[PDB]
Each structure stands twice: as structure tokens, then as C-alpha cells.
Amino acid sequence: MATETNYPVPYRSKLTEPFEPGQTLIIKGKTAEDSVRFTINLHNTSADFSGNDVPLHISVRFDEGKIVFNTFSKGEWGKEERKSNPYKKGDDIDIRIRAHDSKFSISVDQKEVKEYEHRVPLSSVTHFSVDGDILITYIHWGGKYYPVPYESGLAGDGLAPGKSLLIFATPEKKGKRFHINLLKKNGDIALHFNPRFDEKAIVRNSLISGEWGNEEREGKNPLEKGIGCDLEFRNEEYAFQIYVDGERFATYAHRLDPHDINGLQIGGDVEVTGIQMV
């Protein structure tokens, strides 16, 4: 219960539109050595009736040692479904819920641990709440099914200095490599981010006038096949600051003038679940 000043519990949010297949709800937070349990609920209502259907109820129990899922509808609860709780009292939590047309896919620490089949209409989800022994540090709802190869323009100012491009993706279980390109109008690639599991390295380069540059690799390579990752490309004064799962992975000195980086391409063996400009 440290400094919250952002998402104080009980937390409740009314969705702009109903939760649709392809969208993900991300909840991150901290727990204390005395935390017992906390909950995440996708539920019905509109104003503040508080008491309608709950398509998906998630209870993370530190006393029981498990994460429990269930649904409430027509005034009754169904049969709970359980999975082990990988967290001990006090560690940070990271739970993500992605909706699909036949179920919810829930990941814990970016690892898929539960497929919860829909028991009531997904369209019934109008709000989401979080309560219990947790201090929320991040919440995001959005995304969609991003086809890959992917290509699109970036806003109007694009990935300008002081801005950051956030990408939520999952390298394929049996994939070998994938890439992300930040481009300029003429086709030059300001930054080519290319994870290569077969080479145990992430290649970084620039494509200028149809020719590839030096090529910068070396570095841990924090990615793992089949596990979700948070990629952040921060455009700074002298270089791009590349963050992977919250830690600075590397820097890449600008080879092309920053500004006007208005293009994005993603390809290779990867699944993309979210793209946002921060």
C-alpha cells in the first residue's frame, strides 16, 4: 500500500466499448509480505449497480497457493477452475487476459497458464475491477489481432524525439527469428531490430539507400520462445534506447536524422498483441 496516486483499490473502470476478441487486459502490481489475496473481475453493469454478471472472476490466493477462475451469472457461481500460484507474498505480479472468440487466454509473468472457455457472453463484459491485497502499478486495455507481416504508418509526428513505441509480442514457440523496422518515408530503415534465436543474438542495423550498415549485436538476448515480451523503442537525443521487459537491453546511435520516423513493419516468426505510442 505504498505510493499509489494512480490506481487505488478498489479499482473500477467502465470500458469505452465491449471487450472484443483480440484485445488484452494487462494488470501489473506489487504485493506485501502480509498480502493474502486479490481479485481481478471482468463484469456486467453500466452505471454502478455492482451486482450483475461476472463473465470471468480471477482470485489469486497466497494462502491457498493458487489462482482460481470462475463465473457468476443468474445469481449463481459455477465450478471453480484452478492453477498453481507461482508468486510468493511480496513479489511483483503481472497478469494478462486476452479475449478470443471461444475463451480467455490468461498469462502470468508473460507465460500462458490458463485457457478459460466462455461460459456466458463475452459481450456481457462492460467493466473490469481489481481489489484486494495489491498495489496496482500498471493497467492497460486494448490491442487487437495484428496480422504479421505487419505494416502501418505512425501517427503524424511518428516516433519523434522524447517518444516511445511500445510493442507487446510473443516470439513463436518453434520460431527462429523475427524483426521490427522503424522506417522513414523514403524506405530507409532507421532501426532494424532482429532477434535471432538460432544465433542467440539480436541484430540491430540500418538500411540506407538500399544498403545495410555495420550491424550491432552482442548482448544477453533476453527473449525466450513462446513467452510474451514488452519491447520499447525510446527515441532519445543521441540514440534509440531499446528496452526489453522493463530493462535497457541496448542503445543504438542514430545513423539517420531522428524525426520523421513514420513507418513500422513487423515480420518473421512472431505474434503481435499490442502496439502503442507513448
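One rule holds for the numbers: they count along the sequence shown, beginning at 1.
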May I ask you to compare 208-216 and 56-64 by their mean CA B factor in the entry and name the higher one? 208-216
Comparing 166-174 with 92-100, where is the mean C-alpha B-factor higher? 166-174
Top Cα B factor in the deposited entry, candidates 180, 136, 190, 159: 159
Which one of 154, 120, 148, 106 shows the biggest C-alpha B-factor in the PDB entry? 154
What third of the chain does residue 186 rank in for C-alpha temperature factor, lowest, middle or highest? highest
Using only modelled residues of the chain, where does the Cα B factor of residue 238 rank: lowest third, middle third or highest third? middle
By its CA B factor, does residue 197 count among the lowest, middle or highest third of the modelled residues in the chain? highest
In terms of its chain's C-alpha B-factors, the third that includes residue 47 is the highest
Comparing residue 267 with the other modelled residues of its chain, is its CA B-factor in the lowest, middle or highest third? lowest
